[PDB]
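**Student:** Following this message is one structure expressed as structure tokens.
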Amino acid sequence: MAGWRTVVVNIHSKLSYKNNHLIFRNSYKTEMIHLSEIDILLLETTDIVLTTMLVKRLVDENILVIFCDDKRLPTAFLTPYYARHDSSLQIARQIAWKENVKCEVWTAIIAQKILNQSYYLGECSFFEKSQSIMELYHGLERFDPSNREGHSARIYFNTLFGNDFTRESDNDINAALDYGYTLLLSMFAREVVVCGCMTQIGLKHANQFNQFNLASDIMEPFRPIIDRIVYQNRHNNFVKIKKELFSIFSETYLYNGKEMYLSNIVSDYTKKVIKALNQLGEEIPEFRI
Amino acid sequence: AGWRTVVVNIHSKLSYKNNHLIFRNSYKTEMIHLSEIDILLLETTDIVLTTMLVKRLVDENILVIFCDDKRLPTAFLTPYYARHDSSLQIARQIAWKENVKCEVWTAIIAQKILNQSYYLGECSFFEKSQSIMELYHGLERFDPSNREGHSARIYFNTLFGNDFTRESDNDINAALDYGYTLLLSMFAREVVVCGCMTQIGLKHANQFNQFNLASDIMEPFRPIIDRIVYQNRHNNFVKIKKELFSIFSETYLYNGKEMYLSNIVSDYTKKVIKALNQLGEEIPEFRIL
Amino acid sequence: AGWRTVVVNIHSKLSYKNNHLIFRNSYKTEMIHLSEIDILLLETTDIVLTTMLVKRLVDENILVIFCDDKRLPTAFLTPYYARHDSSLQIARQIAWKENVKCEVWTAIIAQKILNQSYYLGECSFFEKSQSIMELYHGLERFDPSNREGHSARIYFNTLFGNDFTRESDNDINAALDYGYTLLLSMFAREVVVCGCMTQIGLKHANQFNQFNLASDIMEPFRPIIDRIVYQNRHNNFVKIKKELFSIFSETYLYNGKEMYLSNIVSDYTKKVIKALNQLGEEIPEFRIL
Amino acid sequence: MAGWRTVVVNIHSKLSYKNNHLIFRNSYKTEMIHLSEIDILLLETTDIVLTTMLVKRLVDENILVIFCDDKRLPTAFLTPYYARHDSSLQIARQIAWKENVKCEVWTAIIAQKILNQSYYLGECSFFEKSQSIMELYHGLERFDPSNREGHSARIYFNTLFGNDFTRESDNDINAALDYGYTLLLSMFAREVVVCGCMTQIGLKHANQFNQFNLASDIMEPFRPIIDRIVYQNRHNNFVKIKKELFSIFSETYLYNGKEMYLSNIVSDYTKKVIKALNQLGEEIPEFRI
Amino acid sequence: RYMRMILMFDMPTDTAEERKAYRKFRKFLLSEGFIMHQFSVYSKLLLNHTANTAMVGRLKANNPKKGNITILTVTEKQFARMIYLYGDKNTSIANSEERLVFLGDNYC
Amino acid sequence: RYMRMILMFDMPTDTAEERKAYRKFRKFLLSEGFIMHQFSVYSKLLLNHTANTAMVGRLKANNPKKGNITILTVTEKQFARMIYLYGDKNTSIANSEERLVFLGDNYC
DNA sequence: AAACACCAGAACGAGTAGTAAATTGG
DNA sequence: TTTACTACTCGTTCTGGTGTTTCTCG
DNA sequence: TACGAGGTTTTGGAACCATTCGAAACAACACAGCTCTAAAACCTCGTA
DNA sequence: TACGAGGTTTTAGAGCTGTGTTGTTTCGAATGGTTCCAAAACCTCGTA
Ligand SMILES: [Mg+2]
Ligand SMILES: [Mg+2]
């Protein structure tokens with residue numbers, strides 16, 4: 001059937017089938033993966049050339065393949081007519097999520113985000129603003145009716161980029177922030193569709209025109225990662241900040257007491273959040289910068 | 001989102017360039033504008049695709065149907081994000097009332113039974129048509145008496161002989177199986193384009209084959225395939241498939257209009273979805289007369 | 001031998017190139033294909049011609065009408081050799097029987113008188129039309145009683161007042177003079193194209209103004225000019241000439257057909273000549289009705 | 001009115017009007033001719049540029065202008081609507097030519113032709129053939145019923161160019177003879193239309209498709225002029241014989257006991273022949289080589 | 001009614017024979033009364049379908065037998081519906097179908 | 001019924017801006033689905049008059065504003081009457097209007 | 001794998017310019 | 001005054017080749 | 001007091017689409033023809 | 001004899017022409033609509 005490995009194709013390559021093996025024929029090096037060890041095949045880049053023979057065999061081995069677009073966002077997935085992957089059942093669970101468990105997990109996630117913002121503000125030696133954000137963290141409630149997240153993200157931005165700063169503006173700092181946030185949103189959406197759950201049903205976000213509500217809800221704690229990189233290179237043009245922003249892929253961060261790459265952190269975080277929402281367990285992930 | 005149905009049978013490579021489906025066989029190179037293509041059907045298991053073409057195909061809501069080694073459909077791409085306000089449509093679908101769902105399912109199953117009765121009437125088989133019409137009146141909400149099954153049984157026994165059954169492995173039964181998975185693909189694509197989900201359907205209390213809503217809406221349209229399979233009962237499978245491919249080129253009378261099957265499917269799906277989610281529409285009528 | 005009537009009013013140079021009438025004014029250069037041109041009319045006495053263009057114009061049987069200083073026609077080119085078997089036609093014309101000539105002249109003068117009577121009838125001047133019709137019956141072979149003159153007298157006195165006469169120098173009389181020398185040119189051209197000669201005509205025993213045959217055949221067609229001059233009796237000479245130029249663009253009912261004046265003239269001339277030379281045709285009928 | 005000079009324009013020139021003068025503005029030299037001394041203006045070449053002002057004035061002064069085509073053959077002539085040249089009356093006379101006078105003049109002309117052929121044959125030292133042609137000349141009768149002209153012509157041609165020579169052949173001698181005969185025919189047709197008479201009514205020739213019957217009838221005696229030049233350069237290609245044939249324009253011949261250019265001889269001969277046919281006089285011209 | 005006839009051609013210019021054929025074909029097209037709509041595109045005004053049949057017969061008689069040459073016949077009403085994104089319409093009488101043509105003062 | 005749309009353009013190439021305009025216009029024409037009937041002549045297949053109106057609107061929006069560019073819309077029946085003096089008709093499906101298209105075996 | 005920019009670099013398409021020639025039955 | 005021929009010479013047209021870059025809310 | 005951090009509906013317009021329908025247009029076919037040139041007869045009757 | 005000079009009619013297609021006509025296309029105007037997105041409009045309330 002479907003095994004354990006999730007195979008992500010992010011570079012130019014030709015994928016072919018051979019004697020129950022998937023041939024990852026990348027330009028740099030060629031690899032072969034047995035089709036029984038593959039559970040999800042995620043084709044995130046658009047540089048990939050694949051064969052119909054591979055598609056047929058991956059369907060027969062009950063593997064889920066997910067195609068993403070130029071923006072590295074999930075855009076389609078292959079659905080067999082008869083035999084289905086396990087992740088499909090996840091959709092049913094997403095349709096039945098109790099209000100209280102969503103409340104609790106969203107509150108924990110936004111508490112992590114506020115604590116992360118306070119930690120970074122303290123790191124940039126703005127101890128008074130960090131203490132103010134910490135107090136607003138103590139002001140948190142279920143589903144944040146008092147909008148502590150909004151005032152925290154106002155003190156955060158006015159402290160980092162000056163009181164004249166405003167997200168609606170069209171300066172280079174705002175463009176860099178938007179680009180890094182897009183990077184994180186793409187990562188979290190790709191890891192959400194990998195888990196089989198949808199991005200259009202979120203814990204708190206309910207925007208009609210937003211199709212990544214769950215992705216945003218889960219990526220909220222990770223925004224300070226982008227914010228720190230943007231602030232560290234504030235006095236630069238957008239291209240330099242983008243070149244520095246691409247370092248989040250090849251950097252390491254501390255998660256679960258281990259030094260992990262940020263993509264693995266995002267994947268494991270998403271899986272644990274979905275596990276907590278499924279009511280299988282009540283453990284909520286904790287990411288702190 | 002076009003008119004051309006494109007069927008590929010030969011070993012080749014499919015690529016993308018300037019909104020075109022670049023088909024480059026070793027003999028010929030042949031370009032098709034993406035706006036024209038409506039269904040792409042890859043029967044041969046030797047076609048070499050590229051991921052950018054897949055992204056661009058799902059961007060234009062082009063149906064892509066992959067096929068097995070025996071040239072039968074095995075999977076098809078459905079996009080994660082086909083409607084801008086997809087989140088709102090999914091949220092409204094989750095809140096579908098059971099009463100409205102039952103009423104609309106009763107209406108569409110009555111449409112199916114009535115179309116079967118009319119086809120038996122025009123088939124010069126007058127007697128069984130009256131029995132199906134009588135069975136239609138006995139049908140009630142959610143069909144407690146399984147009158148839909150009785151109508152299908154008499155329909156099949158009258159068209160293909162009393163010995164014929166749906167579960168038999170005879171050739172014309174494989175023809176109906178091929179036809180129904182060609183209609184189901186278009187209906188699934190249209191219900192996804194409507195922003196809804198195929199998993200949650202009107203009947204079976206969300207017990208999903210992942211195509212519950214599409215298979216429920218398809219019911220009045222199955223006589224279209226049944227007629228083509230019936231009148232070619234003598235021919236072999238390849239000839240029956242060739243004749244089945246004529247649903248993409250034949251005009252049918254729907255709502256006082258002579259529309260092709262793609263437009264009829266689209267408009268019917270949209271009107272059914274609007275009758276369900278908002279309760280602000282009338283149930284459509286498709287007649288095989 | 002075409003449809004376009006070309007009128008030149010400005011100082012310019014007319015030349016020939018590749019079957020085209022090269023019109024090169026100091027402002028504009030303008031080319032007309034010789035096949036399209038039917039009548040070429042040079043009113044201005046400043047046009048500079050060339051002999052090659054003259055040869056090519058007479059080759060295509062294009063009417064060329066030169067004009068005096070007062071913009072009135074003064075001469076026109078007629079070709080020596082317009083028909084291949086011109087010698088045979090001239091020899092047959094020389095042998096025209098006096099009986100056939102008298103009969104055909106009686107027929108055409110009856111046509112003229114009848115057209116005058118019909119025009120007075122449609123002009124809401126009912127009484128004089130009956131008198132002309134009565135004068136028509138009194139007409140006999142060669143018109144001994146000069147009934148043609150009496151009909152013309154009542155026609156002119158009824159249309160333009162009793163004081164009006166053909167020999168007067170009033171403006172609308174100059175208008176008729178201009179009109180009749182525009183039909184006479186076309187009829188002379190057509191009788192030359194028929195291989196015949198204009199000098200030897202039906203009446204006056206060959207006492208020729210060099211346009212005897214053309215003026216004889218023109219008789220039924222003079223009401224065409226008389227109508228246009230009559231209904232514009234108020235306007236000045238230039239406006240009446242502008243309206244007269246509409247005979248080249250107006251369709252007239254001839255032999256149950258809506259033909260332009262050029263085709264009617266050609267058909268009438270050819271049929272009259274065939275009724276004369278060979279006695280193997282019927283006299284044509286042109287009706288102003 | 002119209003004077004005496006006939007002005008022939010055979011070279012490139014621009015003809016303009018100025019203070020009752022025609023301005024022959026040839027490239028080599030410019031001349032001015034008073035409009036009262038001009039009776040006929042013959043524009044034989046197609047290199048001439050003329051003005052509408054000249055056309056108007058030439059019409060007012062009652063001058064006849066005759067346009068010729070590329071082949072230097074009369075193709076058109078300007079006919080005023082009202083005032084006519086004297087030459088027009090000639091047409092009437094041509095229509096009434098008695099049979100006997102035409103018989104006599106044609107017999108004299110063909111006698112001159114036969115005598116000229118005999119004279120040239122004697123000049124080429126073929127005395128026996130010359131005597132045979134002279135005897136056939138004695139065999140002449142009215143309108144040549146015994147076809148002495150044909151037998152004399154065959155003796156002439158078989159003596160000059162060998163017995164194998166035939167007119168229908170496509171050798172260079174035949175082409176040169178045809179070209180020189182065309183030159184003489186053009187000359188005689190131009191001089192016939194100058195006299196006002198038509199070329200389509202001949203003394204003996206009655207060919208329907210021939211439009212220069214009278215021109216041929218008059219040019220018959222002058223054929224030995226072309227024949228002698230062709231025979232003198234028999235052993236040459238066609239271009240050399242044409243270059244030698246162009247010498248007939250700039251050569252001199254004895255006519256009326258004077259050394260005259262051949263164009264003047266042709267003009268005077270044509271005028272005297274038409275005078276003899278008009279029954280004004282009975283003198284017949286005599287041209288002998 | 002008045003017909004209009006659009007001829008579009010691509011002709012090779014590699015060989016001297018091909019250039020001769022192109023030159024002769026252009027001479028023939030201009031002599032028969034084709035107005036240059038654009039480069040390599042010509043138009044002819046025909047009075048009726050009889051003229052169209054005669055003209056296509058003449059073209060087949062004078063076919064250069066080189067390159068890609070195509071003909072499209074459209075009604076004058078259809079030709080008048082042509083949309084001009086840029087450039088100026090050719091206003092010469094050769095394009096017009098007016099029977100009575102004035103060069104100079106139109107007396108109006 | 002199916003419409004066909006012929007675009008004919010002559011564009012200046014003297015200046016670099018003009019070559020920019022030509023290149024961008026050709027890119028746009030190819031992206032919108034115009035088949036090269038001939039050099040400088042393109043054709044597009046439209047399902048109906050609504051598509052024709054939308055396409056002329058798009059062209060006016062993307063008008064290069066250089067040279068002489070004209071459009072003629074003719075019915076598919078009218079386009080099928082085109083006479084080919086020489087050359088070969090383009091047999092690609094893009095030119096044809098068949099709804100059901102087979103690349104390979106047509107099962108017939 | 002695809003778009004977007006830049007150039008070359010051959011193929012088409014006309015316009016201009018210089019030269020030579022211009023009556024092929026009766 | 002035309003035609004017929006021959007270059008030449010610019011404009012017009014498209015294709016191939018060479019880099020450079022490729023996530024800008026929530 | 002205002003701004004705007006965190007957000008959510010609401011609402012125009014913009015661009016796109018497929019089928020009808022009623023009157024007007026159009027496309028070959030069918031007519032009456034027309035002109036024009038070459039290729040065949042035919043004549044007479046000498047000279048091979 | 002036969003050919004063939006001087007000629008004349010006969011045909012025979014070849015190319016050309018304009019208008020009616022009958023059924024069948026064709027053209028926009030109309031009729032329902034469909035997504036998609038960017039600009040508003042609203043909430044809370046904490047720091048300037
Ligand atoms: Mg071209
Ligand atoms: Mg062009």
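Identifiers for the structure tokens are assigned positionally: chains receive A, B, ... in sequence, residues are indexed from 1 per chain, and ligands are indexed from 1 in the order shown.
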Neighbours of ligand 1 at 10 Å or closer, counting only C-alpha atoms (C1' of nucleotides) and all ligand atoms: which residues, as a ChimeraX atom specification?
**Tutor:** /E:7-11,38-42,67-70 /F:8,37-41 /G:12-13 /H:13
**Student:** Can you write just those residues out, N, CA and C atoms (P, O5', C5', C4', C3', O3' and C1' of nucleotides), as a PDB file, in the first residue's frame?
**Tutor:**
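Output (out_20.pdb):
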ATOM      1  N   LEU E   7      -6.485  38.839 -51.394  1.00  0.00           N
ATOM      2  CA  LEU E   7      -5.472  37.858 -51.752  1.00  0.00           C
ATOM      3  C   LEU E   7      -4.264  38.048 -50.844  1.00  0.00           C
ATOM      4  N   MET E   8      -3.837  36.968 -50.197  1.00  0.00           N
ATOM      5  CA  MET E   8      -2.676  36.977 -49.319  1.00  0.00           C
ATOM      6  C   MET E   8      -1.648  35.981 -49.834  1.00  0.00           C
ATOM      7  N   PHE E   9      -0.400  36.424 -49.972  1.00  0.00           N
ATOM      8  CA  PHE E   9       0.637  35.560 -50.513  1.00  0.00           C
ATOM      9  C   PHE E   9       1.940  35.681 -49.738  1.00  0.00           C
ATOM     10  N   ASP E  10       2.627  34.548 -49.616  1.00  0.00           N
ATOM     11  CA  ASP E  10       4.016  34.475 -49.181  1.00  0.00           C
ATOM     12  C   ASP E  10       4.785  33.776 -50.290  1.00  0.00           C
ATOM     13  N   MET E  11       5.774  34.455 -50.866  1.00  0.00           N
ATOM     14  CA  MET E  11       6.500  33.822 -51.953  1.00  0.00           C
ATOM     15  C   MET E  11       7.988  33.758 -51.651  1.00  0.00           C
ATOM     16  N   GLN E  38      -2.320  45.889 -47.400  1.00  0.00           N
ATOM     17  CA  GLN E  38      -1.092  45.940 -46.627  1.00  0.00           C
ATOM     18  C   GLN E  38      -0.003  45.274 -47.455  1.00  0.00           C
ATOM     19  N   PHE E  39       1.205  45.217 -46.907  1.00  0.00           N
ATOM     20  CA  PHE E  39       2.269  44.485 -47.579  1.00  0.00           C
ATOM     21  C   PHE E  39       1.875  43.022 -47.705  1.00  0.00           C
ATOM     22  N   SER E  40       2.042  42.466 -48.904  1.00  0.00           N
ATOM     23  CA  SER E  40       1.719  41.084 -49.243  1.00  0.00           C
ATOM     24  C   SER E  40       0.224  40.799 -49.217  1.00  0.00           C
ATOM     25  N   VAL E  41      -0.620  41.800 -48.988  1.00  0.00           N
ATOM     26  CA  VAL E  41      -2.066  41.630 -48.946  1.00  0.00           C
ATOM     27  C   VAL E  41      -2.688  42.599 -49.937  1.00  0.00           C
ATOM     28  N   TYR E  42      -3.540  42.082 -50.818  1.00  0.00           N
ATOM     29  CA  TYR E  42      -4.142  42.901 -51.857  1.00  0.00           C
ATOM     30  C   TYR E  42      -5.648  42.704 -51.838  1.00  0.00           C
ATOM     31  N   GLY E  67       5.158  29.378 -53.409  1.00  0.00           N
ATOM     32  CA  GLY E  67       4.736  29.951 -52.152  1.00  0.00           C
ATOM     33  C   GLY E  67       3.327  29.538 -51.760  1.00  0.00           C
ATOM     34  N   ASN E  68       2.792  30.277 -50.795  1.00  0.00           N
ATOM     35  CA  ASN E  68       1.449  30.066 -50.275  1.00  0.00           C
ATOM     36  C   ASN E  68       0.592  31.268 -50.647  1.00  0.00           C
ATOM     37  N   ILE E  69      -0.388  31.055 -51.522  1.00  0.00           N
ATOM     38  CA  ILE E  69      -1.280  32.114 -51.982  1.00  0.00           C
ATOM     39  C   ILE E  69      -2.713  31.685 -51.717  1.00  0.00           C
ATOM     40  N   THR E  70      -3.475  32.542 -51.039  1.00  0.00           N
ATOM     41  CA  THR E  70      -4.854  32.251 -50.680  1.00  0.00           C
ATOM     42  C   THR E  70      -5.743  33.436 -51.030  1.00  0.00           C
TER      43      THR E  70
ATOM     44  N   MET F   8      -4.495  41.530 -39.605  1.00  0.00           N
ATOM     45  CA  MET F   8      -3.391  41.871 -40.491  1.00  0.00           C
ATOM     46  C   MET F   8      -2.703  43.126 -39.977  1.00  0.00           C
ATOM     47  N   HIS F  37      -1.678  32.414 -40.105  1.00  0.00           N
ATOM     48  CA  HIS F  37      -2.135  32.074 -41.445  1.00  0.00           C
ATOM     49  C   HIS F  37      -1.020  32.301 -42.454  1.00  0.00           C
ATOM     50  N   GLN F  38      -0.405  33.480 -42.409  1.00  0.00           N
ATOM     51  CA  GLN F  38       0.768  33.801 -43.204  1.00  0.00           C
ATOM     52  C   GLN F  38       1.626  34.761 -42.390  1.00  0.00           C
ATOM     53  N   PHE F  39       2.754  35.171 -42.959  1.00  0.00           N
ATOM     54  CA  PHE F  39       3.566  36.187 -42.305  1.00  0.00           C
ATOM     55  C   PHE F  39       2.761  37.470 -42.168  1.00  0.00           C
ATOM     56  N   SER F  40       2.780  38.055 -40.972  1.00  0.00           N
ATOM     57  CA  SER F  40       2.071  39.280 -40.626  1.00  0.00           C
ATOM     58  C   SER F  40       0.558  39.111 -40.629  1.00  0.00           C
ATOM     59  N   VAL F  41       0.045  37.903 -40.844  1.00  0.00           N
ATOM     60  CA  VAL F  41      -1.387  37.635 -40.872  1.00  0.00           C
ATOM     61  C   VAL F  41      -1.684  36.522 -39.879  1.00  0.00           C
TER      62      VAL F  41
ATOM     63  P    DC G  12      11.195  32.970 -47.757  1.00  0.00           P
ATOM     64  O5'  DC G  12      10.224  34.166 -47.352  1.00  0.00           O
ATOM     65  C5'  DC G  12       9.866  35.132 -48.311  1.00  0.00           C
ATOM     66  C4'  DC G  12       9.041  36.231 -47.677  1.00  0.00           C
ATOM     67  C3'  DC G  12       8.267  37.096 -48.654  1.00  0.00           C
ATOM     68  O3'  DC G  12       7.156  37.652 -47.985  1.00  0.00           O
ATOM     69  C1'  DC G  12       9.857  38.413 -47.610  1.00  0.00           C
ATOM     70  P    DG G  13       5.837  38.038 -48.803  1.00  0.00           P
ATOM     71  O5'  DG G  13       6.088  39.554 -49.204  1.00  0.00           O
ATOM     72  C5'  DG G  13       6.486  40.479 -48.216  1.00  0.00           C
ATOM     73  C4'  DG G  13       6.316  41.889 -48.727  1.00  0.00           C
ATOM     74  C3'  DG G  13       5.832  41.979 -50.161  1.00  0.00           C
ATOM     75  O3'  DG G  13       5.086  43.168 -50.331  1.00  0.00           O
ATOM     76  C1'  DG G  13       8.004  42.863 -50.021  1.00  0.00           C
TER      77       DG G  13
ATOM     78  P    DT H  13       5.206  43.532 -40.972  1.00  0.00           P
ATOM     79  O5'  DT H  13       5.721  42.051 -40.706  1.00  0.00           O
ATOM     80  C5'  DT H  13       6.582  41.436 -41.643  1.00  0.00           C
ATOM     81  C4'  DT H  13       6.938  40.037 -41.198  1.00  0.00           C
ATOM     82  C3'  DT H  13       6.620  39.733 -39.743  1.00  0.00           C
ATOM     83  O3'  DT H  13       6.070  38.437 -39.647  1.00  0.00           O
ATOM     84  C1'  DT H  13       8.928  39.381 -40.150  1.00  0.00           C
TER      85       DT H  13
END
**Student:** Which residues come within 8 Å of region 59-73 of chain A, counting only C-alpha atoms (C1' of nucleotides), excluding same-chain residues fewer than 2 positions away, as a PyMOL selection string?
**Tutor:** (chain A and resi 1-2+35-36+38-46+55-57+75-80+83-85+186-187+189-190+194) or (chain B and resi 51-52+54-55+74-75) or (chain H and resi 22-23)
**Student:** Please dump the current selection as a compact mmCIF listing (two decimals), in the first residue's frame; keep N, CA and C atoms (P, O5', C5', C4', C3', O3' and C1' of nucleotides).
**Tutor:**
# COMPACT_ATOMS: atom_id res chain seq x y z
N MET A 1 0.83 -1.20 0.00
CA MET A 1 0.00 0.00 0.00
C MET A 1 0.86 1.25 0.00
N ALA A 2 0.65 2.12 0.99
CA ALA A 2 1.42 3.34 1.16
C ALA A 2 2.26 3.22 2.43
N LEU A 35 8.39 1.86 -4.21
CA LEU A 35 7.04 2.41 -4.18
C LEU A 35 6.23 1.98 -2.97
N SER A 36 6.72 1.03 -2.18
CA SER A 36 6.02 0.62 -0.97
C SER A 36 6.39 1.47 0.24
N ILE A 38 6.63 4.85 0.04
CA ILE A 38 6.16 6.20 -0.24
C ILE A 38 4.69 6.28 0.12
N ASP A 39 4.34 7.26 0.95
CA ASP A 39 2.96 7.53 1.32
C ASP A 39 2.38 8.76 0.64
N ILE A 40 3.14 9.84 0.52
CA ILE A 40 2.72 11.05 -0.16
C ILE A 40 3.86 11.52 -1.05
N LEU A 41 3.54 11.85 -2.30
CA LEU A 41 4.50 12.43 -3.24
C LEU A 41 4.06 13.87 -3.49
N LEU A 42 4.85 14.82 -3.00
CA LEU A 42 4.51 16.23 -3.08
C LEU A 42 5.41 16.91 -4.11
N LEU A 43 4.84 17.24 -5.27
CA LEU A 43 5.56 17.92 -6.34
C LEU A 43 5.31 19.41 -6.17
N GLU A 44 6.22 20.09 -5.45
CA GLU A 44 5.98 21.48 -5.09
C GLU A 44 6.47 22.45 -6.16
N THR A 45 7.59 22.17 -6.80
CA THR A 45 8.07 23.04 -7.86
C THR A 45 7.42 22.67 -9.19
N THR A 46 7.55 23.57 -10.17
CA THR A 46 6.99 23.38 -11.50
C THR A 46 8.04 22.97 -12.51
N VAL A 55 2.14 7.90 -12.76
CA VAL A 55 0.84 8.26 -12.19
C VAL A 55 -0.01 7.01 -11.97
N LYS A 56 -0.05 6.13 -12.97
CA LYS A 56 -0.82 4.90 -12.85
C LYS A 56 -0.31 4.05 -11.69
N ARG A 57 1.01 3.85 -11.62
CA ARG A 57 1.54 3.00 -10.56
C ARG A 57 1.33 3.61 -9.18
N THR A 75 -1.97 23.17 -5.40
CA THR A 75 -3.00 23.58 -6.35
C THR A 75 -3.87 22.43 -6.82
N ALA A 76 -3.38 21.19 -6.77
CA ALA A 76 -4.20 20.06 -7.18
C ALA A 76 -3.69 18.80 -6.52
N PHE A 77 -4.51 17.76 -6.56
CA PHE A 77 -4.10 16.44 -6.08
C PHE A 77 -4.84 15.37 -6.86
N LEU A 78 -4.18 14.23 -7.04
CA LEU A 78 -4.71 13.14 -7.85
C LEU A 78 -5.65 12.29 -7.01
N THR A 79 -6.90 12.17 -7.44
CA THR A 79 -7.88 11.37 -6.72
C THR A 79 -8.26 10.15 -7.53
N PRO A 80 -7.91 8.94 -7.09
CA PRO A 80 -8.35 7.75 -7.80
C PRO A 80 -9.86 7.59 -7.70
N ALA A 83 -9.94 3.43 -5.30
CA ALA A 83 -9.16 3.19 -4.10
C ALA A 83 -8.59 4.50 -3.59
N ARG A 84 -8.76 4.76 -2.30
CA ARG A 84 -8.47 6.07 -1.73
C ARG A 84 -7.39 5.98 -0.66
N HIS A 85 -6.67 7.09 -0.50
CA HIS A 85 -5.65 7.22 0.52
C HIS A 85 -6.29 7.45 1.88
N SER A 186 3.08 29.49 2.43
CA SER A 186 3.22 28.39 1.48
C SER A 186 3.68 27.13 2.18
N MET A 187 4.68 27.25 3.05
CA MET A 187 5.14 26.08 3.80
C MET A 187 4.01 25.45 4.60
N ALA A 189 0.72 25.77 4.32
CA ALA A 189 -0.34 25.20 3.49
C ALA A 189 0.08 23.86 2.90
N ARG A 190 1.33 23.76 2.44
CA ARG A 190 1.81 22.49 1.91
C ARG A 190 1.82 21.40 2.97
N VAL A 194 -0.66 18.02 3.15
CA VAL A 194 0.01 16.74 3.33
C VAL A 194 -0.71 15.91 4.38
N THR B 51 5.04 19.46 -14.87
CA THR B 51 4.25 19.98 -13.77
C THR B 51 3.67 21.36 -14.08
N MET B 52 4.38 22.18 -14.86
CA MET B 52 3.85 23.49 -15.19
C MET B 52 2.59 23.37 -16.03
N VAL B 54 0.49 20.93 -15.77
CA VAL B 54 -0.53 20.52 -14.82
C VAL B 54 -1.09 21.73 -14.07
N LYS B 55 -0.20 22.60 -13.60
CA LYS B 55 -0.63 23.81 -12.92
C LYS B 55 -1.51 24.67 -13.82
N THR B 74 -8.54 6.00 -14.24
CA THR B 74 -8.11 5.53 -12.93
C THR B 74 -8.02 6.65 -11.91
N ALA B 75 -7.76 7.88 -12.35
CA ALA B 75 -7.67 9.02 -11.46
C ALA B 75 -7.90 10.29 -12.26
P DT H 22 14.19 36.43 -8.83
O5' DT H 22 12.98 35.40 -8.84
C5' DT H 22 11.82 35.68 -9.62
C4' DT H 22 11.08 34.40 -9.95
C3' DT H 22 11.04 33.38 -8.83
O3' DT H 22 9.94 33.66 -7.98
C1' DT H 22 11.37 32.36 -10.99
P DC H 23 10.18 34.40 -6.57
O5' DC H 23 8.88 34.03 -5.73
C5' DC H 23 7.61 34.09 -6.35
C4' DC H 23 6.52 33.69 -5.37
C3' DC H 23 6.38 34.61 -4.16
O3' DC H 23 5.01 34.87 -3.91
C1' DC H 23 6.70 32.37 -3.46
**Student:** Set the distance at 9 Å and use only C-alpha atoms (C1' of nucleotides): which residues neighbour residue 107 (chain F) once local chain neighbours fewer than 4 positions away are removed? I'd like the list as number ranges by chain.
**Tutor:** B: 238-239, 241-242; F: 102
**Student:** May I have the residues from that selection written out with N, CA and C atoms, as a compact mmCIF listing (two decimals), in the first residue's frame?
**Tutor:**
# COMPACT_ATOMS: atom_id res chain seq x y z
N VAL B 238 -14.46 -1.13 -27.87
CA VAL B 238 -13.81 0.03 -28.47
C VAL B 238 -14.82 0.89 -29.23
N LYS B 239 -15.71 0.24 -29.99
CA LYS B 239 -16.72 0.99 -30.73
C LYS B 239 -17.69 1.69 -29.78
N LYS B 241 -17.02 2.73 -26.78
CA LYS B 241 -16.30 3.87 -26.21
C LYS B 241 -16.22 5.02 -27.21
N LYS B 242 -15.98 4.70 -28.49
CA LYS B 242 -15.98 5.73 -29.52
C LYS B 242 -17.32 6.45 -29.58
N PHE F 102 -8.77 14.08 -31.27
CA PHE F 102 -7.97 12.90 -31.01
C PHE F 102 -6.53 13.19 -31.42
